[PDB]
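Colleague: Just passing along the structure, written as structure tokens.
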Amino acid sequence: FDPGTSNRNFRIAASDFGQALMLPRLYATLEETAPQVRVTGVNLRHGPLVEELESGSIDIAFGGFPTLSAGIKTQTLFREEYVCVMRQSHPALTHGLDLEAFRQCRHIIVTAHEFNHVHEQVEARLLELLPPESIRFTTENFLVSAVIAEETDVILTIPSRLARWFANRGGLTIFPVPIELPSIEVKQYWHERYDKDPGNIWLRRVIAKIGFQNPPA
Amino acid sequence: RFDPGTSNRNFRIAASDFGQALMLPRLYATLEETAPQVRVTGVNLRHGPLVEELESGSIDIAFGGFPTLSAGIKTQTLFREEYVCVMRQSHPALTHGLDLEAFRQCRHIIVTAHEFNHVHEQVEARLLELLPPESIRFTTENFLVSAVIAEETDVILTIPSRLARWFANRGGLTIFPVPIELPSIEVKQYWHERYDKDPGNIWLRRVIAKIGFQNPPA
Ligand SMILES: Oc1c(Cl)c(Cl)c(Cl)c(Cl)c1Cl
Ligand SMILES: Oc1c(Cl)c(Cl)c(Cl)c(Cl)c1Cl
Ligand SMILES: Oc1c(Cl)c(Cl)c(Cl)c(Cl)c1Cl
Ligand SMILES: Oc1c(Cl)c(Cl)c(Cl)c(Cl)c1Cl
């Protein structure tokens with residue numbers, strides 16, 4: 001495998017948020033050292049992710065997938081914490097987001113249990129403490145939810161990197177979540193069968209060298 | 001029977017990540033004012049026959065362009081869209097003239113749609129035909145993913161003008177015409193015959209049909 005001449009199309013499975021995080025951080029390496037290598041972001045499916053890595057239909061999975069292990073290698077890239085966002089024109093802005101006021105707001109929830117990524121743990125914690133009538137919107141897409149929160153008076157609970165990126169570019173303001181929530185471990189995953197594949201090795205090597213708390217190159 | 005004022009029905013709308021972002025903000029006011037506990041769920045498109053999703057009731061309404069949706073399906077046309085191109089303002093090609101050949105030599109991010117059978121597939125096919133394979137750097141199935149990648153890198157993105165405008169308002173992406181002639185798009189709502197007389201379904205359809213899609217959210 002030669003980056004300088006390869007025209008391989010690498011497929012990375014990740015949430016819309018993960019895709020947006022990853023691809024721009026690969027762009028430098030591509031232009032400088034692998035001008036004909038394509039990167040394709042692929043949405044998470046309802047099916048078994050490991051059976052996608054094995055067939056080689058996906059090269060790499062990026063995110064947090066607790067059901068992955070059997071026949072699957074892993075490397076931990078970083079950890080995330082959650083926060084809430086609301087637009088600056090939201091009535092809750094004045095007095096803040098104590099749990100009681102949190103419950104009286106309207107919410108957009110990102111749903112994940114169908115896709116089996118780590119966000120499902122947050123999804124469950126929110127659903128247990130929130131009156132059913134306070135959930136106005138649901139979506140499977142992080143970016144959909146962020147832009148909806150930008151346009152409407154709904155509270156969104158999300159990974160801190162996603163919140164910061166939108167807050168710095170729009171009317172969203174960041175609040176702690178008045179609910180206990182786990183830390184998140186973000187990893188990259190690949191099947192044993194390709195643990196030795198020169199192309200795979202190269203990509204995951206490049207991914208391991210990315211800085212995930214500074215901007216893209 | 002369905003009363004929006006008291007219902008706690010969760011409606012499921014199948015749409016691209018872009019249709020979801022267009023639709024849900026424009027339903028918000030109606031829900032708050034006339035159906036405070038009605039929930040709306042944006043559902044991603046899938047490989048499978050969307051018509052079966054509509055048939056079994058797992059989906060209430062499909063929003064977008066779905067040319068394959070025909071038999072046993074009812075439709076209402078909501079608006080027409082046209083394509084444009086975007087690239088970030090710190091992109092070097094944002095000085096010289098961008099005709100066809102300069103378009104073909106730029107780097108591109110493509111939104112792939114054929115696997116999901118929506119109308120964007122027509123544009124995707126024209127792009128794959130037009131462009132040198134080596135000019136295509138990034139592929140994704142999400143419109144919003146491709147828009148933010150284009151804000152952060154020097155790739156060209158060919159997309160619906162509504163989506164280009166929304167992002168352009170942020171100042172990163174600049175709009176210019178696509179240097180080829182692309183099909184005009186008819187955007188519609190679809191529902192299955194089986195639920196044509198279902199009062200909840202009827203209500204959502206009527207609400208969607210009243211939406212002002214040239215204006216911002218109420
Ligand atoms: O897909 C995800 C990615 Cl990439 C990150 Cl970084 C986080 Cl924090 C979460 Cl929650 C998901 Cl689902
Ligand atoms: O770092 C990010 C980048 Cl590069 C993009 Cl494009 C987006 Cl959308 C987000 Cl959310 C983050 Cl955190
Ligand atoms: O899903 C779509 C929607 Cl809602 C619109 Cl408006 C357009 Cl123009 C296209 Cl191409 C798609 Cl795929
Ligand atoms: O009209 C739009 C609205 Cl309300 C949102 Cl939130 C987004 Cl992301 C886009 Cl693209 C459009 Cl066109």
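Chain identifiers are assigned as A, B, and so on, following the order in which chains appear in the structure tokens; residues are numbered from 1 within each chain, and ligands are numbered from 1 in order of appearance.
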Determine which residues of chain B sit within 6 Å of chain A, taking into account only C-alpha atoms, and present them as a list in words.

Modeller: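 Going by the stated atoms only, the list reads residues 21, 25, 37, 39, 40, 41, 42, 134, 137, 138, 139, 140, 145 and 149 of chain B.
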
Colleague: DSSP on the backbone, then: every residue of range 86-196 of chain B marked strand (DSSP E), written as a PyMOL selection string.

Modeller: chain B and resi 86-88+108-111+136-140+156-160+173-176+185-192

Colleague: Kindly export the residues of the current selection with C-alpha atoms, as a PDB file, in the first residue's frame.

Modeller:
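The result, written out as selection.pdb:
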ATOM      1  CA  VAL B  86     -20.616  26.157  -2.348  1.00  0.00           C
ATOM      2  CA  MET B  87     -17.003  26.406  -1.161  1.00  0.00           C
ATOM      3  CA  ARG B  88     -15.582  28.165   1.918  1.00  0.00           C
ATOM      4  CA  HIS B 108     -15.157  17.622  -4.204  1.00  0.00           C
ATOM      5  CA  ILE B 109     -17.317  16.249  -1.420  1.00  0.00           C
ATOM      6  CA  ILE B 110     -20.245  14.266  -2.724  1.00  0.00           C
ATOM      7  CA  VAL B 111     -23.502  13.438  -0.975  1.00  0.00           C
ATOM      8  CA  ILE B 136     -13.585  13.294  -5.413  1.00  0.00           C
ATOM      9  CA  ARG B 137     -12.029  13.340  -1.942  1.00  0.00           C
ATOM     10  CA  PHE B 138     -14.975  12.868   0.450  1.00  0.00           C
ATOM     11  CA  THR B 139     -18.254  10.998   0.318  1.00  0.00           C
ATOM     12  CA  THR B 140     -21.115  11.016   2.852  1.00  0.00           C
ATOM     13  CA  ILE B 156     -16.624  21.884  -3.464  1.00  0.00           C
ATOM     14  CA  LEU B 157     -20.159  20.822  -2.493  1.00  0.00           C
ATOM     15  CA  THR B 158     -23.084  20.682  -4.850  1.00  0.00           C
ATOM     16  CA  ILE B 159     -26.431  20.968  -2.948  1.00  0.00           C
ATOM     17  CA  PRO B 160     -30.023  22.326  -2.790  1.00  0.00           C
ATOM     18  CA  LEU B 173     -19.456  29.105   2.630  1.00  0.00           C
ATOM     19  CA  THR B 174     -19.897  31.139  -0.517  1.00  0.00           C
ATOM     20  CA  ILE B 175     -22.487  30.333  -3.136  1.00  0.00           C
ATOM     21  CA  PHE B 176     -21.976  30.236  -6.894  1.00  0.00           C
ATOM     22  CA  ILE B 185     -36.404  19.192  -7.971  1.00  0.00           C
ATOM     23  CA  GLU B 186     -39.975  18.673  -6.850  1.00  0.00           C
ATOM     24  CA  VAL B 187     -40.144  18.214  -3.076  1.00  0.00           C
ATOM     25  CA  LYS B 188     -43.247  16.401  -1.769  1.00  0.00           C
ATOM     26  CA  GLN B 189     -44.928  14.659   1.153  1.00  0.00           C
ATOM     27  CA  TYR B 190     -45.929  11.033   0.791  1.00  0.00           C
ATOM     28  CA  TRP B 191     -48.392   8.899   2.748  1.00  0.00           C
ATOM     29  CA  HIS B 192     -49.850   5.451   2.286  1.00  0.00           C
TER      30      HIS B 192
END

Colleague: Do you have, as a tab-separated table, the list of residues of chain B lying at most 12 Å from ligand 4, each with its nearest atom pair and that distance in Å to one decimal, counting only C-alpha atoms and all ligand atoms and ordered by chain then number?

Modeller:
residue	atom	partner	partner_atom_place_in_ligand_line	distance
B:16	CA	ligand 4	10 (Cl)	11.0
B:17	CA	ligand 4	8 (Cl)	8.8
B:18	CA	ligand 4	10 (Cl)	5.9
B:19	CA	ligand 4	10 (Cl)	8.1
B:20	CA	ligand 4	7 (C)	8.4
B:21	CA	ligand 4	5 (C)	4.7
B:22	CA	ligand 4	2 (C)	4.4
B:23	CA	ligand 4	4 (Cl)	7.3
B:24	CA	ligand 4	4 (Cl)	7.8
B:25	CA	ligand 4	4 (Cl)	5.3
B:26	CA	ligand 4	4 (Cl)	6.8
B:27	CA	ligand 4	4 (Cl)	10.1
B:28	CA	ligand 4	4 (Cl)	10.3
B:81	CA	ligand 4	12 (Cl)	10.8
B:142	CA	ligand 4	10 (Cl)	11.4
B:143	CA	ligand 4	10 (Cl)	8.3
B:144	CA	ligand 4	8 (Cl)	7.0
B:145	CA	ligand 4	8 (Cl)	10.6
B:146	CA	ligand 4	10 (Cl)	11.3
B:147	CA	ligand 4	10 (Cl)	8.9
B:148	CA	ligand 4	8 (Cl)	10.5
B:159	CA	ligand 4	10 (Cl)	10.1
B:160	CA	ligand 4	12 (Cl)	8.5
B:161	CA	ligand 4	12 (Cl)	7.8
B:162	CA	ligand 4	12 (Cl)	4.3
B:163	CA	ligand 4	10 (Cl)	3.7
B:164	CA	ligand 4	10 (Cl)	6.9
B:165	CA	ligand 4	12 (Cl)	6.8
B:166	CA	ligand 4	10 (Cl)	5.1
B:167	CA	ligand 4	10 (Cl)	6.6
B:168	CA	ligand 4	10 (Cl)	9.8
B:169	CA	ligand 4	10 (Cl)	10.4
B:170	CA	ligand 4	8 (Cl)	11.1
B:211	CA	ligand 4	1 (O)	11.5
B:212	CA	ligand 4	1 (O)	10.2
B:213	CA	ligand 4	1 (O)	7.5
B:214	CA	ligand 4	1 (O)	8.2
B:215	CA	ligand 4	1 (O)	7.9
B:216	CA	ligand 4	1 (O)	6.1
B:217	CA	ligand 4	4 (Cl)	5.9
B:218	CA	ligand 4	4 (Cl)	9.7

Colleague: Residue 61 in chain B: which residues within 10 Å, counting only C-alpha atoms, same-chain residues fewer than 3 positions away excluded, as number ranges by chain?

Modeller: B: 11-15, 53-54, 57-58, 64, 75, 189-192, 195, 201, 204-205

Colleague: Counting only C-alpha atoms, which residues in range 74-171 of chain A sit no more than 12 Å from range 190-205 of chain A? For each one, give the nearest pair of atoms and the distance in Å, sorted by chain then residue number, as a tab-separated table.

Modeller:
residue	atom	partner	partner_atom	distance
A:74	CA	A:190	CA	6.5
A:75	CA	A:190	CA	9.0
A:76	CA	A:204	CA	11.4
A:77	CA	A:204	CA	10.7

Colleague: Going by DSSP on the backbone, which residues of range 1-184 of chain A come out as alpha helix (DSSP H)? List them as a count of residues only.

Modeller: 55

Colleague: Please compute the CA of residue 131 in chain B-CA of residue 44 in chain B distance, one decimal, in Å.

Modeller: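 A separation of 27.9 Å between them.
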
Colleague: Near range 83-100 of chain A, counting only C-alpha atoms, which residues have an atom at most 9 Å away, once you skip same-chain residues fewer than 2 positions from it, shown as a PyMOL selection string?

Modeller: chain A and resi 81+102-105+146+149-160+163+167+170-179

Colleague: Mind dumping the selected residues with N, CA, C and O atoms as a compact mmCIF listing (two decimals), in the first residue's frame?

Modeller:
# COMPACT_ATOMS: atom_id res chain seq x y z
N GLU A 81 -17.54 14.52 27.67
CA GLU A 81 -18.50 14.82 28.71
C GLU A 81 -19.70 15.51 28.05
O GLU A 81 -19.55 16.15 27.02
N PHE A 102 -35.54 22.49 34.02
CA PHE A 102 -35.14 21.59 32.94
C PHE A 102 -36.32 20.74 32.50
O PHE A 102 -36.58 20.58 31.32
N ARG A 103 -37.06 20.23 33.49
CA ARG A 103 -38.22 19.39 33.23
C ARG A 103 -39.39 20.15 32.62
O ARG A 103 -40.23 19.57 31.98
N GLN A 104 -39.44 21.46 32.85
CA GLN A 104 -40.52 22.29 32.33
C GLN A 104 -40.25 22.77 30.90
O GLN A 104 -41.15 23.27 30.23
N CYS A 105 -39.01 22.65 30.44
CA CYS A 105 -38.66 23.03 29.07
C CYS A 105 -39.10 21.98 28.07
O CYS A 105 -39.51 20.89 28.44
N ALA A 146 -28.73 19.80 16.74
CA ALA A 146 -28.08 21.08 16.96
C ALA A 146 -28.70 22.21 16.13
O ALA A 146 -28.99 23.27 16.67
N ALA A 149 -32.10 23.01 17.50
CA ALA A 149 -31.97 23.77 18.73
C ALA A 149 -31.62 25.24 18.45
O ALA A 149 -31.95 26.14 19.23
N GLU A 150 -30.93 25.49 17.33
CA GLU A 150 -30.54 26.84 16.97
C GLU A 150 -31.75 27.63 16.52
O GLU A 150 -31.84 28.82 16.77
N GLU A 151 -32.69 26.95 15.87
CA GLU A 151 -33.88 27.57 15.31
C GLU A 151 -35.09 27.63 16.25
O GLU A 151 -36.02 28.39 16.01
N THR A 152 -35.10 26.81 17.29
CA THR A 152 -36.28 26.69 18.15
C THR A 152 -35.92 26.66 19.63
O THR A 152 -34.82 26.29 20.00
N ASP A 153 -36.88 27.01 20.48
CA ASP A 153 -36.68 26.97 21.93
C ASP A 153 -36.76 25.56 22.52
O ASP A 153 -37.70 25.24 23.26
N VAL A 154 -35.78 24.72 22.21
CA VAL A 154 -35.70 23.39 22.79
C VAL A 154 -34.32 23.17 23.41
O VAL A 154 -33.33 23.72 22.96
N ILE A 155 -34.29 22.36 24.45
CA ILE A 155 -33.06 22.05 25.14
C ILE A 155 -32.45 20.81 24.52
O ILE A 155 -33.13 19.83 24.27
N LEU A 156 -31.16 20.87 24.27
CA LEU A 156 -30.47 19.75 23.67
C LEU A 156 -29.34 19.30 24.56
O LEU A 156 -28.54 20.11 25.00
N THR A 157 -29.26 18.01 24.79
CA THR A 157 -28.20 17.45 25.62
C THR A 157 -27.22 16.65 24.74
O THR A 157 -27.62 15.69 24.12
N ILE A 158 -25.95 17.07 24.71
CA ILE A 158 -24.98 16.56 23.75
C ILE A 158 -23.51 16.56 24.21
O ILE A 158 -23.15 17.25 25.15
N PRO A 159 -22.67 15.76 23.53
CA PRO A 159 -21.22 15.77 23.71
C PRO A 159 -20.70 17.20 23.74
O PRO A 159 -21.17 18.02 22.97
N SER A 160 -19.77 17.49 24.63
CA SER A 160 -19.24 18.84 24.79
C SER A 160 -18.53 19.44 23.55
O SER A 160 -18.64 20.63 23.29
N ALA A 163 -21.23 20.74 21.21
CA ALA A 163 -21.81 21.96 21.76
C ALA A 163 -20.90 23.18 21.55
O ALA A 163 -21.37 24.24 21.16
N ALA A 167 -21.79 26.46 19.47
CA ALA A 167 -21.96 27.64 20.31
C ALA A 167 -21.08 28.78 19.79
O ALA A 167 -21.50 29.93 19.78
N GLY A 170 -22.86 30.16 16.50
CA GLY A 170 -24.29 30.41 16.51
C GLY A 170 -24.82 30.86 17.87
O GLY A 170 -24.05 31.08 18.81
N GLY A 171 -26.14 30.98 17.98
CA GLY A 171 -26.75 31.52 19.19
C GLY A 171 -26.89 30.55 20.35
O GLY A 171 -27.56 30.85 21.32
N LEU A 172 -26.28 29.38 20.25
CA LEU A 172 -26.44 28.38 21.28
C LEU A 172 -25.53 28.74 22.44
O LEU A 172 -24.41 29.15 22.23
N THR A 173 -26.06 28.59 23.65
CA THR A 173 -25.32 28.82 24.89
C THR A 173 -25.24 27.52 25.69
O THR A 173 -26.19 26.74 25.72
N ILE A 174 -24.11 27.29 26.35
CA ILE A 174 -23.85 26.02 27.01
C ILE A 174 -24.10 26.00 28.54
O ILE A 174 -23.65 26.88 29.26
N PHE A 175 -24.80 24.97 28.99
CA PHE A 175 -25.16 24.77 30.39
C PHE A 175 -24.77 23.38 30.86
O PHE A 175 -24.82 22.43 30.08
N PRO A 176 -24.42 23.24 32.14
CA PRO A 176 -24.27 21.88 32.67
C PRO A 176 -25.60 21.15 32.61
O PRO A 176 -26.65 21.77 32.56
N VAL A 177 -25.57 19.83 32.60
CA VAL A 177 -26.79 19.08 32.61
C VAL A 177 -27.10 18.74 34.07
O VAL A 177 -26.26 18.20 34.77
N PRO A 178 -28.30 19.11 34.55
CA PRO A 178 -28.72 18.88 35.93
C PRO A 178 -29.15 17.43 36.15
O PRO A 178 -30.06 17.15 36.92
N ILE A 179 -28.48 16.54 35.44
CA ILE A 179 -28.66 15.10 35.54
C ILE A 179 -27.29 14.42 35.55
O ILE A 179 -26.38 14.85 34.87
